[PDB]
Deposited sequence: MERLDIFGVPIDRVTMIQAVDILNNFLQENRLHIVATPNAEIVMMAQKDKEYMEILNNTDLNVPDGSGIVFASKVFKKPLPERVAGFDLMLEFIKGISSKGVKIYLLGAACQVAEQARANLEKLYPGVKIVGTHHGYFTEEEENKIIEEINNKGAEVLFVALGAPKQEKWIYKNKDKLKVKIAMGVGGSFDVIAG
């Protein structure tokens, strides 16, 4: 772990991050995964709540070449671990074992379209549920109950930074998933 401007970044490779995520699936508790970049670290400077959340996440992966370039001053970061690429690699691995995934986030139809694209890419992928990221506080509890009841183990949150990390942290004791990871615009790129 190297603390880049208050935000702790885990000194892991793409392979190492993927292995950490699989190991997290063996523990029956929620693990918060975040992919900090230059924008995220800058957001943490002004936002004390956001920085507190980052300092409490299970894995902070070095998304973005900015952080990796800055780390060259320090034992620097081994490689750029992209959040989109990590999500796809982690999903690729876990489709063969049938781990229940839930997609929460983005505009209407984006999550169902990404689910369709991921099924075509990774045959045997178990995406147990989807919901858009434009829900209200009243709708929030019904989405949480849906995830919990559907038996979801991996939850990908595409609400954008800091919204995704803040949502996961606020509901950390309400969610019964093994991994909860902020993915941002990831659902938009795969759905098109």
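Checklist entry - Relative to the deposited sequence numbered from 1, which residue ranges are unmodelled? => result Missing C-alpha atoms (numbering from 1) occur across the ranges 1-2, 77.
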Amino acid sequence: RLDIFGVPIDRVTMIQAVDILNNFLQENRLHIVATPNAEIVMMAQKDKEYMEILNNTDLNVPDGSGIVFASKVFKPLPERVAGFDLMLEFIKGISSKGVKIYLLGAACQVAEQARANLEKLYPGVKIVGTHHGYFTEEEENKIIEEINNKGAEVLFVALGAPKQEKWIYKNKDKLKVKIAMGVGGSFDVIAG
From here on, numbers count along this sequence of modelled residues.
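Checklist entry - Got a sec? Mean C-alpha B-factor, which is higher, 152-160 or 36-44? => result Going by the record's values, the stretch with the higher mean is 36-44.
Next on the checklist: I need to verify one thing: averaged over C-alpha atoms only, is the B-factor higher for 76-84 or for 103-111?
Outcome noted: Comparing 76-84 with 103-111, the higher average CA B-factor belongs to 76-84.
Checklist entry - When the modelled residues of the chain are sorted by Cα temperature factor, does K142 land in the lowest, middle or highest third? => result Ranked within chain, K142 CA B lands in the highest tercile.
Checklist entry - Of the three thirds of its chain by CA temperature factor, lowest, middle or highest, which one includes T130? => result Bottom third by C-alpha B-factor.
Next on the checklist: Per the entry's values, where does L175 land by CA temperature factor relative to the rest of its chain, in the lowest, middle or highest third?
Outcome noted: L175: CA B-factor falls in the middle third of its chain.
Checklist entry - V18's Cα B-factor: lowest, middle or highest third of the chain? => result Within its chain, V18 is a lowest-third residue by C-alpha B-factor, going by the deposited values.
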